[PDB]
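Student: Structure file run_7.pdb, PDB, C-alpha atoms, is pasted below:
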```
ATOM      1  CA  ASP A  51       1.388  -1.806 -17.611  1.00  0.00           C
ATOM      2  CA  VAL A  52       1.293   1.593 -15.911  1.00  0.00           C
ATOM      3  CA  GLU A  53       4.503   2.478 -17.747  1.00  0.00           C
ATOM      4  CA  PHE A  54       2.323   2.524 -20.866  1.00  0.00           C
ATOM      5  CA  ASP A  55      -0.525   4.195 -18.971  1.00  0.00           C
ATOM      6  CA  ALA A  56       1.807   6.986 -17.890  1.00  0.00           C
ATOM      7  CA  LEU A  57       2.494   7.466 -21.601  1.00  0.00           C
ATOM      8  CA  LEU A  58      -0.985   6.855 -23.064  1.00  0.00           C
ATOM      9  CA  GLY A  59      -3.597   6.903 -20.297  1.00  0.00           C
ATOM     10  CA  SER A  60      -2.071   9.909 -18.495  1.00  0.00           C
ATOM     11  CA  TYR A  61      -2.037  12.522 -21.279  1.00  0.00           C
ATOM     12  CA  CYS A  62      -1.957  13.056 -25.062  1.00  0.00           C
ATOM     13  CA  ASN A  63      -5.721  12.579 -25.536  1.00  0.00           C
ATOM     14  CA  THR A  64      -8.891  14.542 -24.853  1.00  0.00           C
ATOM     15  CA  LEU A  65     -11.929  13.267 -26.922  1.00  0.00           C
ATOM     16  CA  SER A  66     -13.945  15.128 -24.294  1.00  0.00           C
ATOM     17  CA  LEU A  67     -11.633  16.643 -21.660  1.00  0.00           C
ATOM     18  CA  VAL A  68     -11.933  19.693 -19.447  1.00  0.00           C
ATOM     19  CA  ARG A  69      -9.281  21.184 -17.200  1.00  0.00           C
ATOM     20  CA  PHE A  70     -10.701  23.221 -14.342  1.00  0.00           C
ATOM     21  CA  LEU A  71      -8.356  26.185 -14.586  1.00  0.00           C
ATOM     22  CA  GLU A  72      -8.874  26.086 -18.320  1.00  0.00           C
ATOM     23  CA  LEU A  73     -12.471  26.934 -17.458  1.00  0.00           C
ATOM     24  CA  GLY A  74     -13.194  30.458 -16.302  1.00  0.00           C
ATOM     25  CA  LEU A  75     -14.866  29.732 -12.997  1.00  0.00           C
ATOM     26  CA  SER A  76     -11.381  29.526 -11.508  1.00  0.00           C
ATOM     27  CA  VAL A  77     -11.236  33.263 -10.872  1.00  0.00           C
ATOM     28  CA  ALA A  78     -13.788  32.529  -8.156  1.00  0.00           C
ATOM     29  CA  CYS A  79     -11.762  29.624  -6.881  1.00  0.00           C
ATOM     30  CA  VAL A  80      -8.551  29.528  -5.010  1.00  0.00           C
ATOM     31  CA  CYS A  81      -7.374  25.992  -5.679  1.00  0.00           C
ATOM     32  CA  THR A  82      -4.585  24.385  -3.702  1.00  0.00           C
ATOM     33  CA  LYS A  83      -3.694  20.711  -3.608  1.00  0.00           C
ATOM     34  CA  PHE A  84      -3.335  19.958   0.098  1.00  0.00           C
ATOM     35  CA  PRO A  85      -2.748  16.196  -0.055  1.00  0.00           C
ATOM     36  CA  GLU A  86      -3.083  15.369   3.640  1.00  0.00           C
ATOM     37  CA  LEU A  87      -6.613  16.732   3.855  1.00  0.00           C
ATOM     38  CA  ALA A  88      -7.924  13.344   4.954  1.00  0.00           C
ATOM     39  CA  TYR A  89      -5.894  13.459   8.148  1.00  0.00           C
ATOM     40  CA  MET A  90      -7.133  16.775   9.561  1.00  0.00           C
ATOM     41  CA  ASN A  91      -9.523  17.113  12.459  1.00  0.00           C
ATOM     42  CA  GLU A  92     -10.407  20.765  11.789  1.00  0.00           C
ATOM     43  CA  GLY A  93      -9.152  23.432   9.462  1.00  0.00           C
ATOM     44  CA  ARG A  94      -8.992  26.969  10.797  1.00  0.00           C
ATOM     45  CA  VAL A  95      -8.468  30.356   9.190  1.00  0.00           C
ATOM     46  CA  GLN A  96      -8.227  33.417  11.427  1.00  0.00           C
ATOM     47  CA  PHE A  97      -9.540  36.764  10.214  1.00  0.00           C
ATOM     48  CA  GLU A  98      -8.582  40.014  11.918  1.00  0.00           C
ATOM     49  CA  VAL A  99     -10.097  43.310  10.829  1.00  0.00           C
TER      50      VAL A  99
ATOM     51  CA  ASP B 149       0.638   7.778  -0.181  1.00  0.00           C
ATOM     52  CA  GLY B 150       3.430  10.166  -1.060  1.00  0.00           C
ATOM     53  CA  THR B 151       2.975  12.014   2.224  1.00  0.00           C
ATOM     54  CA  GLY B 152       5.742  11.772   4.795  1.00  0.00           C
ATOM     55  CA  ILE B 153       3.320  10.846   7.566  1.00  0.00           C
ATOM     56  CA  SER B 154       1.908   7.886   5.654  1.00  0.00           C
ATOM     57  CA  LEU B 155       5.517   6.805   5.272  1.00  0.00           C
ATOM     58  CA  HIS B 156       5.898   7.387   9.009  1.00  0.00           C
ATOM     59  CA  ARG B 157       2.680   5.622   9.994  1.00  0.00           C
ATOM     60  CA  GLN B 158       4.427   2.582   8.534  1.00  0.00           C
ATOM     61  CA  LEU B 159       7.524   2.925  10.686  1.00  0.00           C
ATOM     62  CA  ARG B 160       5.739   2.467  14.010  1.00  0.00           C
ATOM     63  CA  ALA B 161       4.213  -0.667  12.545  1.00  0.00           C
ATOM     64  CA  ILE B 162       7.614  -1.534  11.137  1.00  0.00           C
ATOM     65  CA  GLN B 163       9.188  -1.178  14.591  1.00  0.00           C
ATOM     66  CA  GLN B 164       6.367  -3.093  16.228  1.00  0.00           C
ATOM     67  CA  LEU B 165       7.398  -6.175  14.276  1.00  0.00           C
ATOM     68  CA  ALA B 166      10.951  -5.381  15.339  1.00  0.00           C
ATOM     69  CA  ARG B 167       9.666  -5.571  18.891  1.00  0.00           C
ATOM     70  CA  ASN B 168       7.319  -8.556  18.680  1.00  0.00           C
ATOM     71  CA  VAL B 169       9.574 -10.872  16.656  1.00  0.00           C
ATOM     72  CA  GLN B 170      12.600 -10.161  18.840  1.00  0.00           C
ATOM     73  CA  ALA B 171      10.400 -10.957  21.831  1.00  0.00           C
ATOM     74  CA  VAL B 172       8.828 -14.224  20.691  1.00  0.00           C
ATOM     75  CA  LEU B 173      12.078 -15.510  19.215  1.00  0.00           C
ATOM     76  CA  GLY B 174      13.613 -14.428  22.470  1.00  0.00           C
ATOM     77  CA  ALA B 175      10.760 -16.258  24.185  1.00  0.00           C
ATOM     78  CA  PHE B 176      12.047 -19.692  23.212  1.00  0.00           C
ATOM     79  CA  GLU B 177      15.352 -18.914  24.911  1.00  0.00           C
ATOM     80  CA  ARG B 178      13.271 -17.657  27.829  1.00  0.00           C
ATOM     81  CA  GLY B 179      11.250 -20.861  27.543  1.00  0.00           C
ATOM     82  CA  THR B 180      13.977 -23.498  27.420  1.00  0.00           C
ATOM     83  CA  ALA B 181      15.147 -22.516  30.896  1.00  0.00           C
ATOM     84  CA  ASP B 182      11.525 -22.723  31.970  1.00  0.00           C
ATOM     85  CA  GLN B 183      11.291 -26.214  30.513  1.00  0.00           C
ATOM     86  CA  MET B 184      14.553 -27.482  31.967  1.00  0.00           C
ATOM     87  CA  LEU B 185      13.584 -26.602  35.539  1.00  0.00           C
ATOM     88  CA  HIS B 186      10.414 -28.621  35.107  1.00  0.00           C
ATOM     89  CA  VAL B 187      12.101 -31.629  33.515  1.00  0.00           C
ATOM     90  CA  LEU B 188      14.668 -31.528  36.236  1.00  0.00           C
ATOM     91  CA  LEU B 189      11.910 -31.348  38.849  1.00  0.00           C
ATOM     92  CA  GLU B 190      10.005 -34.052  36.982  1.00  0.00           C
ATOM     93  CA  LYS B 191      12.849 -36.438  37.820  1.00  0.00           C
ATOM     94  CA  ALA B 192      13.930 -34.873  41.117  1.00  0.00           C
ATOM     95  CA  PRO B 193      13.301 -37.180  44.069  1.00  0.00           C
ATOM     96  CA  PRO B 194      13.233 -35.059  47.206  1.00  0.00           C
ATOM     97  CA  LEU B 195      16.141 -35.338  49.585  1.00  0.00           C
ATOM     98  CA  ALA B 196      15.672 -37.362  52.788  1.00  0.00           C
ATOM     99  CA  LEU B 197      14.033 -39.775  50.419  1.00  0.00           C
TER     100      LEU B 197
END
```
Represent the structure contained in this file as structure tokens.
Tutor:
Amino acid sequence: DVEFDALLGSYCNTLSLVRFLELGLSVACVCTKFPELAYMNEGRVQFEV
Amino acid sequence: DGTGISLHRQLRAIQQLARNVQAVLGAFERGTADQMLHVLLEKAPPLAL
């Protein structure tokens, strides 16, 4: 059933569809799919000036 | 998920059934020798009787 949904219900239709990086907010937004984000305790970024 | 860790969270729980089932199916072989010493001692009249 999902073999049809990968063909039909995965693409090839909008009817009202937005992509985010289509939209022009994305110059504010770094966007990076980090899939294991559920498993993290903390997430650190170090800055040094 | 498609993450390697979610595939590896499985493997500990895969190996745990490798370690329980080999134990409890080993436990009947460990249990027959427990049963035989009872059912010998159930019919074992003590010597000097």
Student: What are the residues of chain A lining chain B at 12 Å or less? Count all atoms listed in the file, and put the answer as a ChimeraX atom specification.
Tutor: /A:84-89
Student: To one decimal in Å, tell me the separation between CA of residue 81 (chain A) and CA of residue 63 (chain A).
Tutor: 24.0 Å
Student: When you draw a straight line from CA of residue 94 (chain A) to CA of residue 80 (chain A), how long is it in Å?
Tutor: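 Distance between the two atoms: 16.0 Å.
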Student: Could the centre and edge lengths of an axis-aligned box, enclosing all atoms of region 194-197 of chain B in the file with 5 Å extra on each side, be given in Å to one decimal as lines of an AutoDock Vina configuration file?
Tutor:
```
center_x = 14.7
center_y = -37.4
center_z = 50.0
size_x = 12.9
size_y = 14.7
size_z = 15.6
```
